[PDB]
Amino acid sequence: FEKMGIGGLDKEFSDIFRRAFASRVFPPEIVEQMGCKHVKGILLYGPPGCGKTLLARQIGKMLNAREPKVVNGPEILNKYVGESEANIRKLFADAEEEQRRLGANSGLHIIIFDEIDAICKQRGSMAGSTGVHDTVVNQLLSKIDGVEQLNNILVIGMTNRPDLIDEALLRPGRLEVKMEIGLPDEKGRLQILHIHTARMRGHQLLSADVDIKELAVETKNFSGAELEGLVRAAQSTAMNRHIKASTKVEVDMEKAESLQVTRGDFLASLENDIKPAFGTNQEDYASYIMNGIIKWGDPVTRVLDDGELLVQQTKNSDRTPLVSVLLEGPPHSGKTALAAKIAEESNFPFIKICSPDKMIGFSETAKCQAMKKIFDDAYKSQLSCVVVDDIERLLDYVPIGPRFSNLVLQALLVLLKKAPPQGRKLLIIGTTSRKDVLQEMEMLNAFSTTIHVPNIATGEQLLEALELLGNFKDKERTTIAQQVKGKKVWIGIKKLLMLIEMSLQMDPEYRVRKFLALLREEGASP
Amino acid sequence: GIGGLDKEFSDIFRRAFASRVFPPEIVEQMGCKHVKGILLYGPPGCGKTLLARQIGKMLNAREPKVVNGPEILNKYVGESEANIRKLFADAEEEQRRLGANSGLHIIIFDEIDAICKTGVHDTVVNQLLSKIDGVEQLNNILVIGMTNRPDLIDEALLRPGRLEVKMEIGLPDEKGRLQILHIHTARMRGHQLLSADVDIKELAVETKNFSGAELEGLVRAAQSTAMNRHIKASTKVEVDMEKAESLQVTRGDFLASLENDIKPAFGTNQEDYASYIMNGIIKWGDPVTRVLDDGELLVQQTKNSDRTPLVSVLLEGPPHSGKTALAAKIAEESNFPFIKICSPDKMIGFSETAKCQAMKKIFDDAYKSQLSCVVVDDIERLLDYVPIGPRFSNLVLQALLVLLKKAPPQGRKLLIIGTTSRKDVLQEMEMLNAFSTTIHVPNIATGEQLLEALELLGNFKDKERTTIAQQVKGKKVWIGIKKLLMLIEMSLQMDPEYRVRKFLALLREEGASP
Amino acid sequence: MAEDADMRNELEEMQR
Ligand SMILES: Nc1ncnc2c1ncn2[C@@H]1O[C@H](COP(=O)(O)OP(=O)(O)OP(=O)(O)O)[C@@H](O)[C@H]1O
Ligand SMILES: Nc1ncnc2c1ncn2[C@@H]1O[C@H](COP(=O)(O)OP(=O)(O)OP(=O)(O)O)[C@@H](O)[C@H]1O
Ligand SMILES: Nc1ncnc2c1ncn2[C@@H]1O[C@H](COP(=O)(O)OP(=O)(O)O)[C@@H](O)[C@H]1O
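Residues numbered from 1 in each chain as written, not as in the entry; some residues may be left out. Chains lettered and ligands numbered in written order. Part of a larger assembly, values for the part shown. Heavy atoms only, no water.

**Q** What exactly am I supposed to notice about the site of ligand 1 here?
**A** Within the structure, ligand 1 sits among 15 residues, and A:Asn291, A:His332, A:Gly334, A:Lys335 and A:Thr336 are positioned closest to it. Close to ligand 1, residues of chains A and B are found. In this structure, an oxygen atom belonging to ligand 1 sits 3.1 Å away from a main-chain N or O atom of A:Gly292. Interatomic distance of 2.8 Å between a backbone N/O atom of A:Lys335 and an oxygen atom of ligand 1. Here ligand 1 loses 85% of its free accessible area of 640 Å² to cover by the protein chains. Looking at the shell around ligand 1 element by element, the count peaks at four residues for helix 15 (residues 335–346) of chain A. (Near = heavy atom within 4 Å. Polar contact = N/O pair within 3.5 Å; in protein donor to acceptor, adjacent residues only side chain to side chain. Areas by Shrake-Rupley, 256 points an atom, 1.4 Å probe, with all protein chains shown as cover. Helix = DSSP H or I, 4+ residues; strand = E, 2+ residues; numbered from the N terminus.)

Right, here's the structure in full:
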């Protein structure tokens, strides 16, 4: 199928010929002698941007059909009575008239529905609880297969939510063939690069330093549209490099024109232009790790090693495709930086972070929808990692009462057990600060393992942290060491940074005293 | 001939005209596309039209075609749609004859919202959409539209390939307005009919958010105020005719007219900042100085720290202690570009969702500046709280707890100051741990401070002050400044003989200990 | 959502 401009889906067409279009090419005589009617429609579902409309536009062109009537689902609806039904009915007149005129010697007509799930939903059986758009569904059902028969039509529906569609629309008489178009693998990604670079290769603007085979590996969860955007951005970067260099150096334009073919344009676009919707981001780690990771003690190494072991287990296991872990400790210990560091070091294609910072003012149902959307997206990859930050803040917990939201709690409890489709693997990391409440709620037995994140608990550790930060000098260092040599300290790193900043605002002479006073005012034992 | 939009012009050049330089041959092999739809929105002004003429000048383009308002509309059938096709006849001819090597076409639409947004309007919109993007594709046509109400434009016109560039244009400003004022005032200045006491700069500064018809309207009004002095109506329509020998326009004739006659159409920048300070600040002790010093120390930290871009503080004290004013004073002394105050006075009868939206909007506005300061007062009133039950709103509490630890975009600073009078409740709710630090605002404790406050207020003379000192100096007191002002005002009502006795009587009932 | 109710209509006469 790669000779029509579509690469990466050969089996999903090879099946489409057996189960749908075998009878449209076999000699008519034997087909009539059998007495078999043709298939009437098909349904396609998958993530957006993977080439469903393109394939639909080519299926028609392959059978010498007339120009397709493309319809968008959300646009049909209208507020007056009887308008949506009229719009639905208007897409079948030319096929009815042609059949009535020409009997069995008519052509073929194609109809392409986009976002079909927006106008067809399960009809309410309960009296008084009927849906708003039941009449549209009834009209469509009557038109597709009714008392008067049409034998010169084909219907192709495209969707992304195949579990919301009414059942009566999927019986063997209507839309009885179904296929899935998923994300491309390496081969599919090489073929789609060949197809989109054929033109530049023909016109001799593709340099020898550019290796498409290498570029295939660097794009892990890319779709077709994103690869096309990458190529276009590379061309634009080449043109910008040409114009800027020429305007700064007095060399002939033609020599520069030959120089726009470079590979540096490609690498520059792969970093600053294109942001995959199913890949790993690099703009969030900076937000969630603003001061790096300083190794002030042994516990950090223990935590990181445990994380590495969990990652390896989830990557190299067959009996446990799903794994969970909770990170718990006292406040200001730094549990959101360590969870981000582990996720970053995992090296999985798909890494996403769910936090309450982006759900301010949302009602509980909206939060449930957001979490469900993130997990549904995660299910489409072959290796996934997800991070749930706070947990006590997603539940709206407050000691008075107590009060909280039960809907989100139940959604989390159910989501922590559902496994992905066969062959795909997922990892989940949660961070809390109140584990007793979670134990009470009976959530703590849904996780598989727990890791404790301690606080600073000795003077020498504090001195090492200060040395690594590098803020006080030798004399102040000696003063502090002699004054806090007793190992009776209890402080969190994130609080230590704030204390240092606050201290550094005074005059040069009166700085150590203020720092010591602030430290003393702080607690000194659990 | 416009300032403050240099970056906007650079963006315009980058987006569309940056790709026009290459000859057709190289773009042909590329297959790259070109922009043909630009939309400008912004309040009325000469800038947009001047910009349109500037684009007309720079490129080797035909004489641009501009349509002035809904001239397409016609009474007959098919004529409204007929005017459209005449527009692109030359473009079609040039495309069919010269092919690629054809001159650029520029179309300017003024008040496009009038025509684009029932048989006439929908048919016109369909015709325009088909002509702009139909079966035949044109690569030498540019269309520019100007609007003041972007939300009233049809969505279909914004689909890619129909309107590509979105542009916001600012309003005209002081110096241009001064030029327009000078041009109008030239006639009277030439003939010496204008008084010398009038300053054009003052009026130009005063008039804000006014257009040219209003700017003529203010001047005309001023003129009227003069002529009416010569008329002698109200009994007949006969006039003085002796004062007619001379006539001039004084400054007041303008000022009155801008207050009592002509009103701006876009409102005005209203501020009642004094509302939070109605009696100034009087130093009656050390605590005020301590509080101000702590505020200054906090302010400097936000402005100079690299690791802590966000800082929070809390003001504590008993009721009627004057916290809302001491917070506003610090905010004023901060000297930051952006300052805002969130108060429950502006939200009466609102539900939880409305309050959450209102807070979110203020914080969103705050995020867009470089360094900002925000103050929230009466926390217990914001999240309504009642001792019985107790009862309160959890949604607002959770929104606050989330907002108090969200850093702004990279490289920007924010300061937050909260005021309350119930510390124990907040501590119980687990919110007191979110704030970085706290400050305490005490009452008047000793009689010496009370005497100093009375002296600063200057409401009692020496004779009564002597008796007051005799009575109070040998005892401790517990009173807030606001209540003190209320008591003084209440006692002042009666005759001079009973004032001291009434004041001392009330003080005993309002007296107490911590 | 309840679909919009029905509406009346106004007519215009033409002379040949
Ligand atoms: N070894 C370290 N471990 C964790 N954080 C560290 C370390 N060294 C420096 N930091 C910095 O400390 C801060 C960690 O704060 P973080 O947001 O993780 O706190 P938290 O434990 O989630 O606390 P809270 O519940 O109060 O929000 C980040 O700035 C991180 O860069
Ligand atoms: N030194 C001062 N400090 C504070 N307020 C002062 C001072 N001198 C005069 N005032 C006046 O005292 C009044 C303080 O009242 P304010 O509303 O700020 O108090 P509050 O403690 O917030 O009150 P409440 O608990 O009733 O809400 C204001 O009029 C302020 O002008
Ligand atoms: N398999 C593919 N081979 C080549 N191009 C592809 C492929 N998948 C997607 N594209 C490109 O992405 C464009 C947009 O995808 P589209 O056909 O709209 O799919 P969808 O309906 O899933 O959004 C296509 O027109 C084509 O340029």
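Moving on, there is more to tell.
**Q** Quick question: what am I supposed to make of the arrangement of the chains here?
**A** Sorting the two pairs of chains in contact by contact count puts chains A and B at the top. Contact between chain B and chain C is absent, and the minimum C-alpha spacing across the pair is 12 Å. (Contact = heavy atoms within 4.5 Å.)

**Q** It is not clear to me how the nonpolar core should be interpreted in this structure. Could you clarify?
**A** For soluble globular proteins, the rule of thumb is that nonpolar side chains tend to be buried together. Judged by nonpolar contacts, the single largest core of 36 residues is most densely connected at B:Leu383, B:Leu397, B:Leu414, B:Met429 and B:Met431. Where this core is concerned, the elements lending two or more residues are strand 6 (310–316), helix 14 (352–367), strand 8 (371–376), helix 15 (379–382), helix 16 (394–403), strand 9 (413–419) and helix 17 (423–428) of chain B. Per-element accounting of this core gives the leading share, seven residues, to helix 16 of chain B. By size, the runner-up hydrophobic cluster in this structure holds 30 residues, among which are A:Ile374, A:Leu426, A:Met443 and A:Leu444. (Core = buried A, V, L, I, M, F, W, Y, C linked by side-chain atoms within 4.5 Å. Buried < 20%, exposed > 50% of the residue type's maximum accessible area, 1.4 Å probe, protein only.)

**Q** I tried to follow helix 4 (residues 79–87) of chain B on my own but got confused; where do I start?
**A** Residues separated by three or four positions in an α-helix point in the same direction, a consequence of the helix having 3.6 residues per turn. Looking only at helix 4 of chain B, the buried set comprises B:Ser80, B:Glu81, B:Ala82 and B:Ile84. On its buried side, helix 4 of chain B packs onto helix 7 (119–132) of chain B.

**Q** Hey, could you run me through the UniProt feature "binding site: Mg(2+)" in chain A in this one?
**A** Residue and element names in this part refer to chain A. Annotation from UniProt places "binding site: Mg(2+)" at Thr336. Note that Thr336 resides in helix 15. If we ignore the near neighbours within four places in the chain, the residues touching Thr336 are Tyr288, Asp389 and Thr431. (UniProt positions renumbered as here; feature names shortened; annotations may be inferred.)

**Q** Looking at this structure, how should I read the interface of chain A and chain B?
**A** Reports of interface size often rely on the accessible area that becomes lost once the parts have come together. Taken residue by residue, the interface counts 31 residues in chain A and 33 residues in chain B. Sorting the residues of chain A by area buried against chain B places A:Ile360, A:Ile400 and A:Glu501 first, and these three jointly supply 18% of that buried surface. Joining chain A to chain B, the criterion identifies two salt bridges. For A:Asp390, the salt bridge identified is with B:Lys405, shortest N-O distance 3.6 Å. Seen at the junction of chain A and chain B, the total is 10 residue pairs in polar contact. Listing elements by their share of the side of chain A that touches chain B, those giving two or more residues are helix 8 (186–203), helix 10 (224–248) and helix 21 (493–503) of chain A. The residue inventory of the side of chain A that touches chain B, partitioned by class, reads 14 nonpolar, eight polar and nine charged. (Buried area = accessible area lost by both parts, 1.4 Å probe. Salt bridge = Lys/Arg side-chain N within 4 Å of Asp/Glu carboxyl O. Nonpolar A, V, L, I, M, F, W, Y, C, P; charged D, E, K, R; others polar.)

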